[PDB]
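# pasting an experimental structure with its sequence.
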Protein chains: 2
Amino acid sequence: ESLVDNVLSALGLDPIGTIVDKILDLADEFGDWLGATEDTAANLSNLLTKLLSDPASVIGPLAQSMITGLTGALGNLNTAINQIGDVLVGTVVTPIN
Amino acid sequence: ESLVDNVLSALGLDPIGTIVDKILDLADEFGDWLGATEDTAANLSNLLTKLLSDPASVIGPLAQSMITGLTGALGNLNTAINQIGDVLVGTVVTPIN
C-alpha cells in the first residue's frame, strides 16, 4: 500500500480509495505518461524533418541584419548607385571600386 | 500480480508467464523508457546547440521571400539599374530616388 501511495504521489495523483482503485489510477497515469513521451518524441522528429526540408512554415520572419554581410552588401550597392547618380552632376566623392 | 499486469499493459507489453518473468519484462521496459527519455533530451540539447552555433546543416534551403524586405531591396536595385539603362536611350520614366 505504501509503495502504491508513494508512487502515485510522485506521479501527481492524490490516492484516495482502495488498493485496486489506486492501482487503476496508477495504470491510467502511466498511460498518460506514455502518451506524453510518445507525443514529445513525435513532435521533435516532425519538427526536425520539417526544419530540414521546408523551413518556411516553421520559421517566422527574420531581420536582414541576422544574415552575415547582407546589410553590408546592400549598403555597398546602394552607395555605388548613389555615387553613380552624384558624379554625373558633380560633388566629387571618393569612389567605391 | 494484478499491479504488475496492469502496469505492463499500460506500458504496452502483454504480460504472459510467471511473476518473475513479468517483472523482468517490466524491468526491460523501464530500461527502454530510460533510453528513450535520455535520447530525447540529448537530441533536443544537440539540436538547440547546433541551431545556435551552425545553422547550415540543420536548416534546409529557404525562399528569399521569407526574409523581410529582401525581395523589396532586390526589386528596387534591379529597377534602378533598368531605369539607368533606359534613360540613356530615352523612354522618360519616374526616377526612383
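Perfect, thanks for sending it. Numbers count the residues shown, from 1 in each chain, chains lettered A, B, ... in the order given.

# what residues sit buried inside stretch A:20-32?
Under the neighbour-count criterion of 16 or more other CB atoms under 10 Å in any protein chain shown, stretch A:20-32 has A:22, A:23, A:25, A:26, A:27, A:29, A:30 buried. Every C-beta, even on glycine, is put in place using the N, C-alpha and C of the backbone.

# so which of these belong to helices?
If you go by DSSP state H, the buried residues of stretch A:20-32 have A:22, A:23, A:25, A:26, A:27, A:29, A:30 in helices.

# what residues are up against the fifth one?
Counting by CB atoms under 8 Å, 6 or more residues apart in numbering or on different chains, residue A:27 touches B:6, B:7, B:9, B:10.

# show me what contacts the second one?
Residue B:7 makes contacts with A:26, A:27, A:30, B:26, as judged by CB under 8 Å, 6+ apart.

# show me where chain A has helices.
All helices of chain A, identified by DSSP H, fall at A:2-11, A:19-53, A:55-58, A:70-87.

# turn these into JSON lines, including distance to residue B:94.
Converted to JSON lines, these look like this (distance: least, CB to CB, whole Å):
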{"stretch": "helix A:2-11", "distance to residue B:94": "71"}
{"stretch": "helix A:19-53", "distance to residue B:94": "43"}
{"stretch": "helix A:55-58", "distance to residue B:94": "34"}
{"stretch": "helix A:70-87", "distance to residue B:94": "15"}
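
# on that earlier part again, any quick PyMOL command for the buried ones out of the contacts of residue A:27?
Of these, the buried ones can be selected in PyMOL as follows, counting by 16+ other CB under 10 Å:
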select buried, chain B and resi 6+7+10
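
# ok, the contacts of residue A:27 vs residue A:89, which is closest?
Of all these, residue A:89 sits closest to residue B:10, with 81.7 Å by CB to CB.

# follow-up on the earlier one: could you dump the contacts of residue B:7 to CSV with distance to residue B:78?
Shown next, in CSV, are the contacts of residue B:7 (distance: CB to CB, whole Å):
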residue, distance to residue B:78
A:26, 67
A:27, 66
A:30, 62
B:26, 67
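
# and these, which is closest to residue B:72?
Closest approach to residue B:72 among these (CB to CB): residue A:30, at 54.5 Å.
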